[PDB]
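So this one's my_file36.txt, compact mmCIF, C-alpha atoms and all ligand atoms:
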```txt
# COMPACT_ATOMS: atom_id res chain seq x y z
CA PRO I 107 98.14 142.21 114.94
CA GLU I 108 94.66 142.69 113.49
CA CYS I 109 93.57 139.26 114.81
CA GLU I 110 94.90 139.62 118.38
CA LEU I 111 91.40 140.76 119.46
CA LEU I 112 90.26 137.10 119.34
CA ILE I 113 88.19 135.49 122.10
CA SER I 114 90.95 133.50 123.82
CA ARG I 115 88.83 130.53 124.84
CA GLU I 116 90.04 127.03 125.84
CA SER I 117 88.04 124.51 123.78
CA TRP I 118 85.99 124.51 120.59
CA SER I 119 84.03 122.11 118.40
CA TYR I 120 84.90 123.70 115.03
CA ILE I 121 86.67 126.86 113.87
CA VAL I 122 85.07 129.43 111.55
CA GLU I 123 86.74 131.50 108.82
CA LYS I 124 85.30 134.34 106.80
CA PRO I 125 85.16 133.37 103.08
CA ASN I 126 88.51 134.60 101.73
CA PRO I 127 89.38 136.84 104.71
CA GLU I 128 91.43 139.95 104.07
CA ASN I 129 93.80 140.06 107.08
CA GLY I 130 95.20 136.54 107.02
CA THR I 131 98.97 136.18 106.73
CA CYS I 132 100.09 139.81 107.00
CA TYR I 133 103.45 138.91 105.47
CA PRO I 134 102.96 137.29 102.03
CA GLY I 135 104.15 133.75 101.57
CA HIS I 136 103.36 130.06 101.33
CA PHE I 137 101.97 128.18 104.34
CA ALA I 138 103.43 124.68 104.03
CA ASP I 139 100.95 121.88 104.87
CA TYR I 140 98.39 124.59 105.68
CA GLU I 141 95.46 122.34 104.85
CA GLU I 142 96.79 119.55 107.08
CA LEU I 143 97.16 122.00 109.96
CA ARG I 144 93.63 123.30 109.42
CA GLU I 145 92.22 119.77 109.39
CA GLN I 146 94.10 118.97 112.61
CA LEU I 147 93.15 122.22 114.40
CA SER I 148 89.45 121.82 113.52
CA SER I 149 88.73 120.38 116.99
CA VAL I 150 90.53 120.77 120.31
CA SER I 151 89.26 119.80 123.76
CA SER I 152 91.88 121.78 125.72
CA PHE I 153 93.94 124.61 124.21
CA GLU I 154 96.50 125.89 126.73
CA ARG I 155 98.45 128.77 125.21
CA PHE I 156 101.94 128.26 126.68
CA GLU I 157 105.31 129.76 125.80
CA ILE I 158 108.32 127.45 125.42
CA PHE R 159 107.91 136.75 74.02
CA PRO R 160 109.25 136.80 70.48
CA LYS R 161 111.64 134.02 69.50
CA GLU R 162 114.50 136.28 68.33
CA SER R 163 113.63 139.68 69.91
CA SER R 164 113.81 138.52 73.56
CA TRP R 165 116.88 136.23 73.78
CA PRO R 166 119.67 138.01 71.87
CA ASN R 167 122.46 136.73 74.16
CA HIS R 168 121.40 133.06 74.12
CA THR R 169 121.57 130.80 71.07
CA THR R 170 118.23 129.02 70.67
CA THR R 171 119.15 126.61 67.82
CA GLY R 172 118.54 123.65 70.09
CA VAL R 173 119.52 120.41 68.35
CA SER R 174 119.06 116.90 69.70
CA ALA R 175 119.28 113.46 68.11
CA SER R 176 116.41 111.83 70.01
CA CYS R 177 113.94 114.54 68.91
CA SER R 178 114.47 114.06 65.17
CA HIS R 179 111.60 114.87 62.80
CA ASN R 180 112.59 113.26 59.48
CA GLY R 181 116.16 112.16 60.19
CA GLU R 182 117.34 115.70 61.03
CA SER R 183 118.02 116.81 64.58
CA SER R 184 115.50 119.13 66.26
CA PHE R 185 113.79 119.90 69.58
CA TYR R 186 110.29 120.73 70.86
CA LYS R 187 107.96 123.32 69.33
CA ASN R 188 106.58 124.85 72.56
CA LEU R 189 109.94 125.05 74.39
CA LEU R 190 113.52 126.24 73.75
CA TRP R 191 116.80 124.52 74.76
CA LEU R 192 118.92 127.58 75.47
CA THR R 193 122.66 126.86 75.31
CA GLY R 194 124.35 130.22 75.88
CA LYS R 195 125.96 132.46 73.28
CA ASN R 196 129.49 133.47 72.27
CA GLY R 197 130.98 131.02 74.74
CA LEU R 198 129.13 132.50 77.75
CA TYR R 199 125.68 132.34 79.38
CA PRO R 200 124.40 135.64 80.84
CA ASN R 201 122.13 135.44 83.89
CA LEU R 202 118.60 136.00 82.57
CA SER R 203 115.71 137.43 84.61
CA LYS R 204 112.91 137.40 82.04
CA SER R 205 109.41 137.98 83.44
CA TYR R 206 105.79 138.05 82.30
CA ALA R 207 102.53 139.46 83.67
CA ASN R 208 99.13 137.81 83.16
CA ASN R 209 97.20 141.07 83.44
CA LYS R 210 95.77 140.48 79.95
CA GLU R 211 93.39 137.65 78.92
CA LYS R 212 92.61 134.92 81.52
CA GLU R 213 94.23 132.20 83.66
CA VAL R 214 97.17 131.21 81.43
CA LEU R 215 99.33 128.11 81.81
CA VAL R 216 103.14 128.25 81.71
CA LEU R 217 105.45 125.36 80.80
CA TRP R 218 109.20 124.98 81.19
CA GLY R 219 111.91 122.46 81.99
CA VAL R 220 115.40 121.94 83.35
CA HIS R 221 118.02 119.82 81.58
CA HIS R 222 120.21 117.44 83.62
CA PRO R 223 123.32 116.58 81.56
CA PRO R 224 124.73 113.07 82.08
CA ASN R 225 128.19 114.28 83.19
CA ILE R 226 130.14 117.32 84.34
CA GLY R 227 131.68 117.56 80.87
CA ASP R 228 128.42 118.61 79.23
CA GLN R 229 127.83 121.24 81.92
CA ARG R 230 131.35 122.63 81.60
CA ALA R 231 131.36 122.66 77.78
CA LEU R 232 127.74 123.82 77.24
CA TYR R 233 126.68 126.26 80.00
CA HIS R 234 130.37 127.14 80.65
CA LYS R 235 129.95 126.91 84.45
CA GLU R 236 128.66 124.35 86.96
CA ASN R 237 126.24 124.81 89.95
CA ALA R 238 123.59 126.51 87.82
CA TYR R 239 120.26 127.20 89.55
CA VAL R 240 116.76 127.76 88.15
CA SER R 241 114.41 129.84 90.35
CA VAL R 242 110.94 130.48 88.98
CA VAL R 243 108.96 132.84 91.24
CA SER R 244 105.37 134.07 91.33
CA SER R 245 102.72 135.08 93.85
CA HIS R 246 102.16 131.48 95.03
CA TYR R 247 104.97 129.54 93.30
CA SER R 248 108.53 130.25 94.47
CA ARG R 249 110.46 126.95 94.40
CA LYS R 250 114.02 126.55 93.09
CA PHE R 251 115.70 123.87 90.97
CA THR R 252 119.42 123.09 91.27
CA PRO R 253 120.09 120.38 88.65
CA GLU R 254 123.63 119.01 89.08
CA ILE R 255 123.97 115.31 88.19
CA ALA R 256 126.92 113.43 86.68
CA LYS R 257 125.51 110.12 85.36
CA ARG R 258 122.40 108.44 84.00
CA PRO R 259 121.44 105.22 82.24
CA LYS R 260 120.63 105.25 78.50
CA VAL R 261 116.99 105.55 77.42
CA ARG R 262 115.86 106.28 73.85
CA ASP R 263 119.52 106.67 72.84
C1 LIG W 301 122.56 141.29 75.86
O1 LIG W 301 123.90 141.73 75.64
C2 LIG W 301 124.01 143.13 75.34
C3 LIG W 301 125.47 143.39 75.04
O2 LIG W 301 126.01 142.39 74.19
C4 LIG W 301 123.49 143.95 76.52
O3 LIG W 301 123.54 145.33 76.19
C5 LIG W 301 122.06 143.55 76.84
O4 LIG W 301 121.62 144.22 78.02
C6 LIG W 301 121.96 142.04 77.05
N1 LIG W 301 120.58 141.64 77.27
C7 LIG W 301 119.94 141.80 78.44
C8 LIG W 301 118.52 141.33 78.48
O5 LIG W 301 120.49 142.30 79.41
```

So that I can check it, write out the structure of this file as structure tokens.
Amino acid sequence: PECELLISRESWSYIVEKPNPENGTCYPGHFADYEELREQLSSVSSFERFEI
Amino acid sequence: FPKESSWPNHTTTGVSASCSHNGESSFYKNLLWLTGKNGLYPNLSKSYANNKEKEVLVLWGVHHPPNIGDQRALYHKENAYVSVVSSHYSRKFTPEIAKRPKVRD
């Protein structure tokens, strides 16, 4: 909810994170394979936000 | 904890043949092979808080008996779970096995 003000663009060359950001996962828990997801989502040429 | 002022409902005289010191049965020095007490095994929920000192390390284990007989006659009930939990460590162990080979007697 605090991060829904993002700039909903379509493509990027690299994502940027604040060092140890405060409002990350609002509910506490463990993000399985988080680092793998971050490495994959580093670059995207087309990012179409759909809904299944 | 203390050895005898924190587990009053769990016998801690853990004996084992493979861990002998000078021909007498024993167990580890940094751990404790709890085996119930008075023919039962109360559900323990012991905790600890590292607010004091620094980044401490915690060690523990789970014992897998080689048959259902040891489970039934030692912990007095089968399907026993172990669930350690912390801020970033919340995985569960459900040791229930009925056979093994023989290693180190
Ligand atoms: C141990 O058993 C006694 C009764 O025998 C009980 O009062 C006590 O609460 C038990 N220990 C714990 C940690 O609950």

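The residue that comes closest to chain R, out of I:137, I:145, I:127, I:120 and on the basis of only C-alpha atoms, is I:137.
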
What's the 12 Å shell around residue 231 in chain R, counting all atoms listed in the file, without same-chain residues fewer than 6 positions away, as a PyMOL selection string? chain R and resi 193-194+197-199+223+225

For chain I, which residues have at least one atom within 12 Å of chain R, if we go by only C-alpha atoms? Write them as a PyMOL selection string, please. chain I and resi 134-138

Please identify all polymer residues within 12 Å of residue 109 in chain I, counting all atoms listed in the file, omitting same-chain residues fewer than 3 positions from it, and present them as JSON, numbers by chain. {"I": [112, 113, 114, 123, 127, 128, 129, 130, 131, 132]}

Residues within 7 Å of ligand LIG 301 (chain W) should be enumerated using all atoms listed in the file and returned as a PyMOL selection string. chain R and resi 166-167+202

So what do you get for CA of residue 217 in chain R versus CA of residue 171 in chain R, distance-wise? 18.9 Å

At a cut-off of 12 Å, using all atoms listed in the file, what residues contact residue 164 in chain R? Leave out same-chain residues fewer than 4 positions from it and give the result as a list in words. residues 159, 160, 168, 169, 170, 202, 203, 204, 205 and 206 of chain R

Correct to one decimal, the distance CA of residue 172 in chain R-CA of residue 213 in chain R is 29.1 Å

Quick check, in Å to one decimal: how far apart do CA of residue 243 in chain R and CA of residue 162 in chain R lie? 23.8 Å

Will you give me range 164-180 of chain R, written with N, CA and C atoms and laid out as a PDB file, in the first residue's frame?
```pdb
ATOM      1  N   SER R 164      15.436 -25.801  34.486  1.00  0.00           N
ATOM      2  CA  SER R 164      14.653 -25.441  33.310  1.00  0.00           C
ATOM      3  C   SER R 164      13.918 -26.613  32.685  1.00  0.00           C
ATOM      4  N   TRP R 165      14.335 -27.853  32.930  1.00  0.00           N
ATOM      5  CA  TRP R 165      13.660 -29.043  32.414  1.00  0.00           C
ATOM      6  C   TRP R 165      13.331 -29.970  33.577  1.00  0.00           C
ATOM      7  N   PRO R 166      12.315 -29.639  34.385  1.00  0.00           N
ATOM      8  CA  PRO R 166      11.995 -30.483  35.540  1.00  0.00           C
ATOM      9  C   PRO R 166      11.052 -31.628  35.213  1.00  0.00           C
ATOM     10  N   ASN R 167      10.460 -31.632  34.016  1.00  0.00           N
ATOM     11  CA  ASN R 167       9.525 -32.655  33.573  1.00  0.00           C
ATOM     12  C   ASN R 167      10.097 -33.448  32.402  1.00  0.00           C
ATOM     13  N   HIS R 168      11.424 -33.531  32.319  1.00  0.00           N
ATOM     14  CA  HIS R 168      12.095 -34.211  31.217  1.00  0.00           C
ATOM     15  C   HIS R 168      13.419 -34.735  31.753  1.00  0.00           C
ATOM     16  N   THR R 169      13.551 -36.054  31.880  1.00  0.00           N
ATOM     17  CA  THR R 169      14.830 -36.619  32.296  1.00  0.00           C
ATOM     18  C   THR R 169      15.894 -36.321  31.252  1.00  0.00           C
ATOM     19  N   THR R 170      17.049 -35.855  31.721  1.00  0.00           N
ATOM     20  CA  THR R 170      18.149 -35.442  30.861  1.00  0.00           C
ATOM     21  C   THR R 170      19.372 -36.341  31.002  1.00  0.00           C
ATOM     22  N   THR R 171      19.245 -37.480  31.687  1.00  0.00           N
ATOM     23  CA  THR R 171      20.345 -38.432  31.841  1.00  0.00           C
ATOM     24  C   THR R 171      20.504 -39.257  30.561  1.00  0.00           C
ATOM     25  N   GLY R 172      20.874 -38.565  29.487  1.00  0.00           N
ATOM     26  CA  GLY R 172      20.980 -39.201  28.192  1.00  0.00           C
ATOM     27  C   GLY R 172      22.178 -40.115  28.051  1.00  0.00           C
ATOM     28  N   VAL R 173      21.910 -41.415  27.971  1.00  0.00           N
ATOM     29  CA  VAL R 173      22.938 -42.441  27.842  1.00  0.00           C
ATOM     30  C   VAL R 173      22.928 -42.985  26.420  1.00  0.00           C
ATOM     31  N   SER R 174      24.115 -43.339  25.932  1.00  0.00           N
ATOM     32  CA  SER R 174      24.261 -43.936  24.612  1.00  0.00           C
ATOM     33  C   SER R 174      25.565 -44.718  24.587  1.00  0.00           C
ATOM     34  N   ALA R 175      25.551 -45.863  23.901  1.00  0.00           N
ATOM     35  CA  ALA R 175      26.737 -46.713  23.867  1.00  0.00           C
ATOM     36  C   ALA R 175      27.814 -46.141  22.953  1.00  0.00           C
ATOM     37  N   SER R 176      27.417 -45.602  21.799  1.00  0.00           N
ATOM     38  CA  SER R 176      28.389 -45.121  20.823  1.00  0.00           C
ATOM     39  C   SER R 176      29.164 -43.904  21.308  1.00  0.00           C
ATOM     40  N   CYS R 177      28.623 -43.146  22.262  1.00  0.00           N
ATOM     41  CA  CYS R 177      29.263 -41.940  22.774  1.00  0.00           C
ATOM     42  C   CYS R 177      29.980 -42.182  24.098  1.00  0.00           C
ATOM     43  N   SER R 178      30.563 -43.364  24.272  1.00  0.00           N
ATOM     44  CA  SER R 178      31.242 -43.689  25.517  1.00  0.00           C
ATOM     45  C   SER R 178      32.510 -42.858  25.668  1.00  0.00           C
ATOM     46  N   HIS R 179      32.848 -42.544  26.920  1.00  0.00           N
ATOM     47  CA  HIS R 179      34.048 -41.775  27.246  1.00  0.00           C
ATOM     48  C   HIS R 179      35.215 -42.679  27.631  1.00  0.00           C
ATOM     49  N   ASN R 180      35.026 -43.534  28.636  1.00  0.00           N
ATOM     50  CA  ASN R 180      36.061 -44.458  29.091  1.00  0.00           C
ATOM     51  C   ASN R 180      35.452 -45.828  29.359  1.00  0.00           C
TER      52      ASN R 180
END
```
